């Protein structure tokens, strides 16, 4: 199982085996919520359509793809012992929020992801990254993970857009996998959760397969009722299980 170079929510590494089992074969893979791209990095499709609402995330991916060697040499210089302290971290975080250069922002973004608190990605209403210092012993520089991403990305297109627009890029030879933000166990609204299901039912009706992963709750059962859903027992957090909704035509 290949590892992503970013710390990110929805790593789904223990679920990668289960996703691949229920993921239909196809020419292209559409991923509306790509995030760290663990599925993209652990599958074998000829083409990829990868999208996310996070503009920093998509901008980083393009730069890693198009300017690989340049980016790696610049980002590696930030992973040295003297950058592992609060004062330097908050200046880098400020430099990121004031930078207008996509390349420089992409470099700092990896630093903030690996040195930041719990690898979180948080913004205020001004679009300013405000995650505090993480205080780790020795943050890992994912050089191998970076180069592997860049190679894999040669057959991929990245778009910063909502799920509705990205899924509309799907043709007959494409498969769609969806990993939306988790459903409430007790932001991404409930309407969007149900909307995603509606669009999914549209694609199948049109001969495009769709696979959706989420928690196993009462709401997810109802949203994904028109799909041959399967369950997997991760069983921890009450104990909650993961639901895999498959819209096979």
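Numbering follows the first chain given and starts at 1.
Compared with other entries of the same protein, residue 237 falls in the group left without coordinates by at least a third of them, where both flanks are modelled. In the deposited sequence, the stretch from residue 237 to residue 238 hides 4 to 9 residues that have no coordinates. When 173-181 is weighed against 151-159, 173-181 comes out higher, by mean CA B-factor as recorded in the entry. Comparing the deposited coordinates for 30-38 and 194-202, the stretch with the larger average C-alpha B-factor is 194-202. Comparing the C-alpha B-factors of 49, 53, 63, 219 in the entry, the top value falls on 219.
Per the deposited record, the Cα B-factor of residue 6 falls in the lowest third when ranked against the other modelled residues of its chain. When the modelled residues of the chain are ordered by C-alpha B-factor, residue 58 sits in the lowest third. Among the modelled residues of its chain, residue 214 has a C-alpha B-factor that falls in the middle third, as given in the PDB entry.
The deposited CA B-factor of residue 186 belongs to the highest third of values across its chain.
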